[PDB]
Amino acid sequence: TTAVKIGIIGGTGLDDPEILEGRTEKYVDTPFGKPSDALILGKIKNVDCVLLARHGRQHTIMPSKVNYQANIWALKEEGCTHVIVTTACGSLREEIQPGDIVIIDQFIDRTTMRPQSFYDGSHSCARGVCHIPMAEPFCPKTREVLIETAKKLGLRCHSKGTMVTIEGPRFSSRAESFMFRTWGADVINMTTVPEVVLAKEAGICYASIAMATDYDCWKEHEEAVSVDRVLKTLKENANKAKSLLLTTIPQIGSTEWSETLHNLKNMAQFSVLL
């Protein structure tokens, strides 16, 4: 019943403006600098959406240099209640095949260079000390809709998974890939952290459609990851994320989020000492 507005952050090979009807481009500024690119405002059926290319529409910005703060701030300022993203990733598990979707529910941070809070003491818009809880980083209700929708579409989709986010831009060594497996990581990328953290500070329902593109390099005997391999797999499978977003978003718009959003707002508010 109450209004939703869905932010969509498109990842590698997975950032297609044609998903939205009635599109208008809008460049914005934020207190944390410029977002990766213009916001694309539009609709999926009756639902207002805001699309943003994580790496810029020409994929010019490497993961370490993405302005996660500006991206999330921009989407919050536009009125987004939800941020649903796409992310390419490596599979660290035999059962997660290239082309599979994983509706991730946890992460392990391996990043090093990245601001992870709006509350850095330098911005009048975000005053105080903020310690956000990360026990449940992703919105379970949004994830549930994604999982059910993937099933209705007949897609190979894993209902949970732990993403290890590496700094990059290099891929992992084999020793690192083996190690991440022992830590219980299921998939590997370069962008989930701090995007998920900042969304939680913003009181936004965040979920991630991870698409496996390769098996990283933990099969010593088999093909290891490369840029060409990742891009080829995405070319083959991008349609699945598009269909999943197109079908999921109207279902989100048809249910009631006020309580979910209130609880997230309170968790965020009570994490700050002003």
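Don't overthink the numbering: it's just position in the shown sequence, from 1. Basically, rigid core = biggest C-alpha set you can superpose within 1.5 Å across the two forms.
Q | Rigid core superposition result in 9 other deposited structures of this protein, more deviant of 230-238, 23-31 by Cα | A | Between 230-238 and 23-31, greater C-alpha deviation in 9 other deposited structures of this protein belongs to 230-238.
**Q.** residue 221 left out of the model in a third or more of other PDB entries
**A.** Yes, left without coordinates in at least a third.
Q.
Quick check on the record: does 110-118 or 165-173 carry the larger mean Cα temperature factor?
A. Comparing 165-173 with 110-118, the higher mean C-alpha B-factor belongs to 110-118.
(Q) Quick check: 127-135 versus 83-91, which has the larger average CA B-factor in the record? (A) It is 127-135 that shows the higher mean C-alpha B-factor.
Q.
Given 100, 105, 78, 201, identify the residue with the highest C-alpha B factor in the PDB entry.
A. The listed residue with the largest C-alpha B-factor is 78.
Q: Could you say whether, by C-alpha temperature factor, residue 243 belongs to the lowest, middle or highest third of its chain?
A: Residue 243: CA B-factor falls in the lowest third of its chain.
Q) Split the chain's modelled residues into thirds by Cα B-factor; is residue 214 in the lowest, middle or highest one? A) It falls in the bottom third of the chain.
Q.
Test of reading the entry: by CA B factor among the chain's modelled residues, which third contains residue 26?
A. Highest third of the chain for residue 26's C-alpha B-factor.
Q. Against its chain's modelled residues, does residue 207's Cα B factor rank lowest, middle or highest third?
A. Lowest third.
Q) Taking the C-alpha B-factors as the PDB entry records them, is residue 65 in the lowest, middle or highest third of its chain? A) Its C-alpha B-factor belongs to the middle third of this chain's values.
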